[PDB]
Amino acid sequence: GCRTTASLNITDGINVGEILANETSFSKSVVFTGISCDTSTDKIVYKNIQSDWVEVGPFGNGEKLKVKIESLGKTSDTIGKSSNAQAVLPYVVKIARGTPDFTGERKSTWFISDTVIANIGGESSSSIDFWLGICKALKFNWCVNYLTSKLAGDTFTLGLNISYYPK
């Protein structure tokens, strides 16, 4: 079994530069720290929980963006017997132009809570998939908190602040 004494809810930021192309990619990574496992088979299981577009905005000029976790570098990592371990998960964020909204309140930064999670409580990928499907069926606006409540043990979560400053 594994436990963690580091922060479970990590937030990172992506500052989108104004470019003419309607799509762009960011290669990033997130580090889950403070991990302690006592068994050689103990592992951390990663899951992309935002593989489809989610729209954010409007930004300063009424533009909206579409964001998705395009792909992960890994699906899991064997931690084994380690008392001060960490797990580095690389991922790719794809950002595209969305439908503009000139009427809504405009913000320069928008938070996306559902991106990636990493369970170290012995949940399999199939269990996380099942609970995510349940969450989708129940029509929750977001699923990160429901998934952390339904998954056993500790679940690192990543949130992404998307910033965009068009002139």
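In case it trips you up, residue 1 is the first one in the sequence shown, and so on.
*Asks:* Take the C-alpha B-factors listed in the entry for 133-141 and for 98-106, compute each mean, and give the stretch with the larger one.
*Replies:* Result of the comparison: 133-141.
*Asks:* Take the C-alpha B-factors listed in the entry for 34-42 and for 109-117, compute each mean, and give the stretch with the larger one.
*Replies:* Looking at the record's C-alpha B-factors, the answer is 34-42.
*Asks:* Comparing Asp12 with the other modelled residues of its chain, is its CA B-factor in the lowest, middle or highest third?
*Replies:* Within its chain, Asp12 is a lowest-third residue by C-alpha B-factor, going by the deposited values.
*Asks:* Sort the modelled residues of this chain by their C-alpha B factor and say whether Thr157 lands in the lowest, middle or highest third.
*Replies:* CA B-factor rank for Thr157: lowest third.
*Asks:* Compared with the other modelled residues in the chain, in which third is the CA B-factor of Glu70?
*Replies:* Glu70: CA B-factor falls in the highest third of its chain.
*Asks:* Taking only the Cα B-factors deposited for this chain, tell me whether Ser27 sits in the lowest, middle or highest third.
*Replies:* According to the entry, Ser27 has a C-alpha B-factor in the chain's middle third.
*Asks:* Taking the chain's C-alpha temperature factors as the reference, tell me which third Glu123 falls into: lowest, middle or highest.
*Replies:* Within its chain, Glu123 is a highest-third residue by C-alpha B-factor, going by the deposited values.
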